[PDB]
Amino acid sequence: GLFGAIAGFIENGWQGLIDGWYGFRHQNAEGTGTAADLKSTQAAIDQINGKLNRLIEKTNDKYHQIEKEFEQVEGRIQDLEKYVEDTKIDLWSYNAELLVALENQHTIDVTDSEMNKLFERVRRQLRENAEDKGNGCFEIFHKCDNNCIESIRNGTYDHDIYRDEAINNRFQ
């Protein structure tokens, strides 16, 4: 996709992540953990269901039309009836082909996008306390126990708490 996160600098997805589309995987002194991120997951799901709803109902409520099957050829009038219908079918098939290609292109960019927005959000929370390792991971330059990790995940992490420790670990 356009942002180069999914199938990009994030090498692969996590089969273990079963209660969300996006999430956090960490390692600290006391262990490891994987948790879903609700906000980014919901943002992607909302946009895709939005597409589904606009799609799964326009309306084509048709009754009396024209004859479309013929036993024997009749000439001029039958040629036109056949040609009208054949023309209609090709145009609608074309619409259907293009719609799905456009929708799918966009859906892939949307989800790549939401992955990148989450990465950028966490990046901004961390400020000067962490460095991008290049694969969707931050190296955190201070001790960060399970409550610290959770504070990052729920958006209450306060970088000023750890900044002196982090700066000292980064640059010396």
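Residue indices: 1-based, along the sequence shown. The term rigid core refers to the maximal set of C-alpha atoms that superpose within 1.5 Å between the two forms.
For the pair 50-58 and 100-108, greater average C-alpha departure from the shown form in 8 other deposited structures of this protein after core alignment is found in 50-58.
Checked against the record, the higher mean CA B factor of 140-148 and 52-60 lies with 52-60.
The stretch with the higher mean CA B factor, choosing between 26-34 and 61-69, is 61-69.
Ranked against the other modelled residues of its chain, the C-alpha B-factor of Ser93 as given in the entry falls in the lowest third.
Per the deposited record, the Cα B-factor of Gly16 falls in the highest third when ranked against the other modelled residues of its chain.
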